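Trainee: Dropping a structure here in structure tokens format, bear with me for questions.
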Amino acid sequence: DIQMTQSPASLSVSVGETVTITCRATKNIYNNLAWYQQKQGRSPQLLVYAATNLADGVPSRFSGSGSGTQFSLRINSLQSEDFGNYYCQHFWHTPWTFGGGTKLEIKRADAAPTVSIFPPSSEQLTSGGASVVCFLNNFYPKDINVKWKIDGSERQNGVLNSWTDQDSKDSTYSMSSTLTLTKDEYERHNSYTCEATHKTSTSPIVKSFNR
Amino acid sequence: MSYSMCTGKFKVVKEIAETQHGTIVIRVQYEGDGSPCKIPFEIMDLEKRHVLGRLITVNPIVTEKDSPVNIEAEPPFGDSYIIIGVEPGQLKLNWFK
Amino acid sequence: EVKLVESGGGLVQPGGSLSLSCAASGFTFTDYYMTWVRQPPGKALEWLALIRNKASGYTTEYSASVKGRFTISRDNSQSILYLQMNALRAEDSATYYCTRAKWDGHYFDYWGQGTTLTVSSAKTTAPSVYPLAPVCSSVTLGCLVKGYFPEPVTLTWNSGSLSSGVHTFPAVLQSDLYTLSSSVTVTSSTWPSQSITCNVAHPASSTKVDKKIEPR
């Protein structure tokens, strides 16, 4: 069998810049290679076939290159609609294996997060559980660190984080951080803090509440 | 317009025709996937290490799997191998000129 | 013109069977090779099976991952593609796409919208929905959807009339069930003066929940 490797795994590129992503086959496949694009929550779409042919409706800013084992996908003056996942696939003998993918993200100016803290709902407390929620919205770059503090001391267990994909309107990221405790533990303490460390500031953004 | 390389098996439709100008015409049928695709073709020594012959047909391509393709080639004098397609099931035809 | 619509996706117990179908239109079905490709959550695409056109005698090929368990077939009178799946396992959980190949099997030029399969022993469960009101310029409200199975849930704010300012976070597996949250950011003059409701629908358990966010 032939394995397909893509590079880089991820990259952030600005609107208007030119980007080149690569695909490597473990064995010679001549030009039996396809490139696909897959946007957030949608079906993959054919971009390039036979290494260099543009598929129907694909903008001419896209170009595929290569023959043998080394292939490239170039996007000239890239647009907001070009951001998403990119896969290569060989068409030699079956199995027709896909590469692991390259995630193309939008590079934009820095944006500090909008931090909001929420105490558990009293409705939840009846179940014996207590989820403290912290939303860190509309930030850039994607890298961020959240620290939970209960009565001044850091808490690490019971933390569940979820990240949105890059926003379609402003190219920012958002993050939800949930601290789940038992009702008895939640009622044993008073101060609840969610601390956000991001590139935009040396000092962390602190959102807190007292029971 | 780029075409894929044919990955599958080929079959000789009829007996290889000899022309009066020292060339041969081979009529092949494609059995594989990926048409329209380029026909892998090479005329080599019996040891399969050096290219000896000359292909006359410009870019042999399978337009449709259902339609056979005429391949004109110029073999060297003596013994040579006509190699059609890629492995597995690659056609390896002995030829004596 | 060319359209592919998959159906049949759902919840199956491990070792179970399920059949997916793909309704094709806008082309001469018998002239084209057809394929099934899957994509597990957050993972790469995986080619599974192919079925050749009329000229190639409608022969089949399978990936080693599904050989002996899955069967690809086609109804040439109705232009429907099928995927018969037996001995299902947890790793078969994915979005399944049916595809058309451009050049006799090569290059997947048309893809359907996909159908989701979940292979699990977990039972269908409706979520609990919790309102997230601020601790009591702009105000952020929330909605916590906890303890549902299987995916998905649909979450809207004020029946879809609020969309700008909304962030719906991917579901996370917590205590053998799914948990998701959503935030809505609105101007401080909007809430509490105007009503803001979280609308949650869980089709698998035929549940609809409306949670009005009240101040604390």
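We label chains A, B, ... in the order they appear in the structure tokens, count residues from 1 in each chain, and number ligands from 1 in the order shown.
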Near chain A, which residues of chain B fall within 7 Å when you count only C-alpha atoms, and what do they look like as a list in words?

Mentor: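 Those within range of chain A come out as residues 1, 2, 3, 4, 5 and 7 of chain B.
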
Trainee: Per residue of chain C within 7 Å of chain B, which atom pair is closest and at what distance in Å (one decimal), using only C-alpha atoms, listed by chain and increasing number, as a Markdown table?

Mentor:
| residue | atom | partner | partner_atom | distance |
| --- | --- | --- | --- | --- |
| C:103 | CA | B:34 | CA | 5.2 |
| C:104 | CA | B:34 | CA | 4.8 |
| C:105 | CA | B:34 | CA | 5.9 |
| C:106 | CA | B:34 | CA | 5.3 |

Trainee: Measuring between only C-alpha atoms, which one of C:121, C:197, C:164, C:190 shows the shortest distance to chain A?

Mentor: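 Ranking C:121, C:197, C:164, C:190 by distance to chain A, first place goes to C:164.
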
Trainee: Would you give me, as a VMD selection string, the residues of chain C that come within 8 Å of chain A, using only C-alpha atoms?

Mentor: chain C and resid 43 to 47 61 to 63 97 106 to 114 130 to 135 140 167 to 172 181 183

Trainee: Save out the residues we just selected, C-alpha atoms, as an mmCIF file, in the first residue's frame.

Mentor:
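selection_17.cif, written as the output of this step:
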data_model
loop_
_atom_site.group_PDB
_atom_site.id
_atom_site.type_symbol
_atom_site.label_atom_id
_atom_site.label_comp_id
_atom_site.auth_asym_id
_atom_site.auth_seq_id
_atom_site.Cartn_x
_atom_site.Cartn_y
_atom_site.Cartn_z
ATOM 1 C CA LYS C 43 -10.247 12.634 11.819
ATOM 2 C CA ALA C 44 -9.188 12.182 8.155
ATOM 3 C CA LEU C 45 -11.311 10.922 5.265
ATOM 4 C CA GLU C 46 -11.163 7.164 4.624
ATOM 5 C CA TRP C 47 -12.067 5.454 1.339
ATOM 6 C CA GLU C 61 -13.308 -3.243 -4.128
ATOM 7 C CA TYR C 62 -13.081 -2.646 -0.380
ATOM 8 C CA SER C 63 -10.627 -1.231 2.125
ATOM 9 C CA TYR C 97 -20.424 10.047 2.240
ATOM 10 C CA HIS C 106 -10.616 8.247 -10.337
ATOM 11 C CA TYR C 107 -11.270 11.626 -8.640
ATOM 12 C CA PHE C 108 -14.325 12.082 -6.410
ATOM 13 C CA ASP C 109 -16.075 14.987 -8.241
ATOM 14 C CA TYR C 110 -19.473 14.904 -6.441
ATOM 15 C CA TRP C 111 -20.168 14.114 -2.782
ATOM 16 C CA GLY C 112 -23.426 13.846 -0.881
ATOM 17 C CA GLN C 113 -24.184 15.823 2.296
ATOM 18 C CA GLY C 114 -23.287 12.775 4.439
ATOM 19 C CA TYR C 130 -29.649 24.913 32.193
ATOM 20 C CA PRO C 131 -29.928 28.744 31.825
ATOM 21 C CA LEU C 132 -26.676 30.725 32.305
ATOM 22 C CA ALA C 133 -27.606 34.238 33.523
ATOM 23 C CA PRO C 134 -24.906 36.754 34.450
ATOM 24 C CA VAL C 135 -23.779 37.069 38.008
ATOM 25 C CA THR C 140 -23.376 37.579 27.533
ATOM 26 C CA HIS C 167 -21.126 30.867 19.774
ATOM 27 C CA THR C 168 -22.263 27.221 19.964
ATOM 28 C CA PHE C 169 -19.440 25.013 21.218
ATOM 29 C CA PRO C 170 -18.689 21.472 19.979
ATOM 30 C CA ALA C 171 -20.159 18.739 22.209
ATOM 31 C CA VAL C 172 -17.807 16.977 24.623
ATOM 32 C CA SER C 181 -22.828 25.005 25.703
ATOM 33 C CA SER C 183 -23.312 31.808 24.442
#

Trainee: Report the residues of chain B whose backbone DSSP state falls under strand (DSSP E or B), written as a VMD selection string.

Mentor: chain B and resid 4 to 5 10 to 12 17 to 18 24 to 30 37 to 38 41 to 44 51 54 to 55 61 to 62 69 to 74 79 to 84 91 to 96

Trainee: For the atom pair CA of residue 82 (chain C) and CA of residue 1 (chain C), what is the interatomic distance in Å to one decimal place?

Mentor: 21.0 Å

Trainee: By how many Å are CA of residue 39 (chain A) and CA of residue 24 (chain C) apart?

Mentor: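 A separation of 22.8 Å between them.
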
Trainee: Quick one: residues within 12 Å of residue 19 (chain B), only C-alpha atoms, excluding same-chain residues fewer than 2 positions away - as a list in words?

Mentor: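 Within the cut-off, the hits are residues 16, 17, 21, 22, 23, 24, 25, 26, 72, 73, 74, 75 and 97 of chain B.
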
Trainee: Which one is closest to residue 125 (chain A): A:73, A:185, A:79, A:145? Count only C-alpha atoms.

Mentor: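 Of the candidates, the smallest distance to residue 125 (chain A) is held by A:185.
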
Trainee: Which residue, C:174, C:125, C:158, C:84, has the smallest gap to residue 207 (chain C) when you use only C-alpha atoms?

Mentor: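 That would be C:125, the residue with the smallest distance to residue 207 (chain C).
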
Trainee: CA of residue 10 (chain A) and CA of residue 116 (chain C), how far apart in Å?

Mentor: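 The value is 25.9 Å.
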
Trainee: Write out as a PyMOL selection string each polymer residue whose atoms come within 6 Å of residue 6 (chain C), counting only C-alpha atoms; drop sequence neighbours fewer than 5 positions from it.

Mentor: chain C and resi 21-22+114-115

Trainee: So, with only C-alpha atoms as the atoms that count, which of C:57, C:20, C:100, C:4 lies closest to residue 34 (chain C)?

Mentor: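 Residue with the minimum atom-to-atom distance to residue 34 (chain C): C:100.
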
Trainee: Restricting the calculation to only C-alpha atoms, which member of C:161, C:35, C:73, C:65 is positioned closest to residue 99 (chain C)?

Mentor: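 Distance minimum relative to residue 99 (chain C) lands on C:35.
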